[PDB]
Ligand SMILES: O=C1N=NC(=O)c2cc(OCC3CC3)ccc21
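Below you will find one chain, with nothing else, as structure tokens; this is the form deposited without this ligand, and questions on how it binds or moves follow later.
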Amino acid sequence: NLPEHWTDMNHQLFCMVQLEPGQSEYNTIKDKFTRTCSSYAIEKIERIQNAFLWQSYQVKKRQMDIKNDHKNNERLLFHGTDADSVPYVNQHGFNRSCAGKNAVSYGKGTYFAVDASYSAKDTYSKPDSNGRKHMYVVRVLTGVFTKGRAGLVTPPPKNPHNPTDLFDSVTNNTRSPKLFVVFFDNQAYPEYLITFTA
């Protein structure tokens, strides 16, 4: 069920595809980034074609679309990371067990930002030895969310008398969400890698 606009991968399971400025695909990601990161400049944007991560993510999306009934369950969010983590994330996606404690913790999970400006902080997108910073653009199954708390290892129950029926994600603020935390594998697909510099 691989998307028809992906490059042919020749029975291979992984490929990074360099995008061309002037194409709508490149320009919409550039605009989404520059909305809050006008001071930085983009070196390049790569489409991540990971067949296995895509399959698992799409199975979780279809399950959450069934479970939630007519919710927009998916948001396009940002995740800054260090150069050392980029090969693992490209192949294996986002592992909560590898996640750094956030300066404002709303739970022990993987953090995704609404604003590129947040992920552009040196604390998340650490400049490598050549001054390159790295930010993923990520399909995240935010589903139905509530304000998190520092102690969470899973999203909280919607109802305390039904502890197993969980929120899909948590946020910093349900009125004005600026970040989302997810606690399960295959709940985020890294779709694009932005390489950028000051």
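In this text, rigid core is short for the largest set of C-alphas that superpose within 1.5 Å between two forms. Position 1 is the first residue in the sequence shown; the rest follow in order. Only residues modelled in both forms are compared.
Compared with other deposited structures of the same protein, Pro127 does not meet the criterion of being unmodelled in at least one third, since all of those that resolve residues on both sides include it.
Per the records, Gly100 is among the residues left out by at least a third of the other compared entries, whereas the shown structure includes it.
Mean CA temperature factor is higher for 123-131 when stretches 123-131 and 103-111 are set side by side in the entry. As the entry records it, the average C-alpha temperature factor is higher for 30-38, out of 46-54 and 30-38. Among the modelled residues of its chain, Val181 has a C-alpha B-factor that falls in the lowest third, as given in the PDB entry. Split the chain's modelled residues into thirds by C-alpha temperature factor. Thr197 is in the middle one. When the modelled residues of the chain are ordered by their C-alpha B factor, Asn68 lands in the highest third. Annotation for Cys98: CA B-factor lies in the highest third of the chain's modelled residues.
In the deposited entry, the Cα temperature factor of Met9 places it in the highest third of its chain's modelled residues.
We do not show the form deposited with this ligand bound, though everything after this point is about it.
Backbone and C-beta atoms of the displayed form come within 2.4 Å of three or more atoms of this ligand after its pose in the deposited bound form is superimposed, which defines the site as blocked. Candidate site formed by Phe14, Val17 and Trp54: none of these residues places a non-hydrogen atom within 4.5 angstroms of this ligand in the deposited bound form. Contact check for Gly93: every heavy atom lies farther than 4.5 Å from this ligand in the deposited bound form. For the chain shown alone, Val89 is not a contact residue for this ligand in the deposited bound form, no non-hydrogen atom being within 4.5 angstroms. Using a 4.5 Å cutoff between non-hydrogen atoms, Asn73 does not count as a contact of this ligand in the deposited bound form.
Shown here without this ligand, the chain has no residue in 143-175 lying with a heavy atom within 4.5 Å of that partner in the deposited bound form.
Listed alone, 102-104 marks the only place where three or more consecutive residues have CA shifts of 2 Å or more between this form and the one not shown on superposition of the core.
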